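Trainee: My structure is below; once you've seen it, I'll send some questions.
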Amino acid sequence: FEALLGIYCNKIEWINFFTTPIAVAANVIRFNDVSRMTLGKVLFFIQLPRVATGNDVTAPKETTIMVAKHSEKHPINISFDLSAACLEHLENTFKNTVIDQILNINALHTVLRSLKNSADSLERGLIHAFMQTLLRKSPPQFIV
Amino acid sequence: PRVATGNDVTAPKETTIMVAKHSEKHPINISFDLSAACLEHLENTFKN
């Protein structure tokens, strides 16, 4: 006999964005229509305090400085595909036979497991895109 | 598990891997003997 012992599977460990400690640098907001947003911009209005000057020195003027920071925009996406046989056995039991019930439950677990894997992949895509942007922003230490 | 690619980079597809580890098998033995004279003195007492 050809002994088929126990069948073991993988554990996909799950990731939440806020659980990871990059989210202390992040600050994460649902805005439902950012799809429609072309630009976002913040506008800063600084004024600098002067110091009184002594003898023989021109006192400087009231310096007012206005700047504006734009918003980078960055999409992410995940595809996963289902086969046509999976789509057929997902939606009906043709006859109510035992094999057909087995395949119906396998198609259902295929769809569910792929949905969970894709949601995890969107979380990790948020992780990686945010790390990408911090690395593009960050100048190195000798320059700083 | 995958990760979401950025702007218009083609993501890898859904990777499912199957492995099958096999069994070695290996015998052991021990031989030991009893002599004919010992086997005579084992149970059938000739005299008392």
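Letters A, B, ... mark the chains of the structure tokens in the order given; residue numbers begin at 1 per chain; ligand numbers begin at 1, in order shown.
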For chain A, list the residues within 6 Å of chain B, counting only C-alpha atoms, and write the list as a list in words.
Mentor: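 The selection requested is residues 75, 76, 77, 78, 117, 121, 122, 124 and 125 of chain A.
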Trainee: Keeping only N, CA and C atoms, write the selected residues to a file as an mmCIF file, in the first residue's frame.
Mentor:
data_model
loop_
_atom_site.group_PDB
_atom_site.id
_atom_site.type_symbol
_atom_site.label_atom_id
_atom_site.label_comp_id
_atom_site.auth_asym_id
_atom_site.auth_seq_id
_atom_site.Cartn_x
_atom_site.Cartn_y
_atom_site.Cartn_z
ATOM 1 N N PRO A 75 -2.571 55.046 -6.779
ATOM 2 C CA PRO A 75 -3.532 53.948 -6.640
ATOM 3 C C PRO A 75 -2.837 52.629 -6.401
ATOM 4 N N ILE A 76 -3.554 51.627 -5.888
ATOM 5 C CA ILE A 76 -3.058 50.257 -5.820
ATOM 6 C C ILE A 76 -4.183 49.325 -6.230
ATOM 7 N N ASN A 77 -3.808 48.123 -6.661
ATOM 8 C CA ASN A 77 -4.806 47.170 -7.120
ATOM 9 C C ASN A 77 -4.270 45.750 -7.050
ATOM 10 N N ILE A 78 -5.207 44.816 -6.953
ATOM 11 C CA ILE A 78 -4.936 43.387 -6.865
ATOM 12 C C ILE A 78 -5.925 42.649 -7.741
ATOM 13 N N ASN A 117 -7.451 36.646 0.923
ATOM 14 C CA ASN A 117 -6.079 36.865 0.484
ATOM 15 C C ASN A 117 -5.943 38.199 -0.239
ATOM 16 N N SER A 121 -3.864 41.491 0.811
ATOM 17 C CA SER A 121 -2.941 42.081 -0.141
ATOM 18 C C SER A 121 -3.168 43.572 -0.295
ATOM 19 N N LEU A 122 -4.404 44.035 -0.134
ATOM 20 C CA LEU A 122 -4.629 45.477 -0.152
ATOM 21 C C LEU A 122 -4.049 46.144 1.086
ATOM 22 N N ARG A 124 -1.365 45.070 2.770
ATOM 23 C CA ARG A 124 0.073 45.118 2.569
ATOM 24 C C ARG A 124 0.466 46.049 1.438
ATOM 25 N N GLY A 125 -0.426 46.296 0.484
ATOM 26 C CA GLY A 125 -0.128 47.280 -0.533
ATOM 27 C C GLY A 125 -0.128 48.681 0.028
#
Trainee: Just list the residues in chain A DSSP gives strand (DSSP E) on the backbone, as a VMD selection string.
Mentor: chain A and resid 41 to 47 64 to 70
Trainee: Could you pull out all residues of chain B with a DSSP call of helix (DSSP H, G or I) and give them as number ranges by chain?
Mentor: B: 36-42
Trainee: Can you tell me, as a PyMOL selection string, what residues are no more than 9 Å from residue A:68 when counting only C-alpha atoms, ignoring any on the same chain fewer than 3 positions away?
Mentor: chain A and resi 41-45
Trainee: To one decimal place, how far is atom CA of residue A:127 from atom CA of residue A:72 in Å?
Mentor: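 About the pair atom CA of residue A:127 and atom CA of residue A:72: they are 16.1 Å apart.
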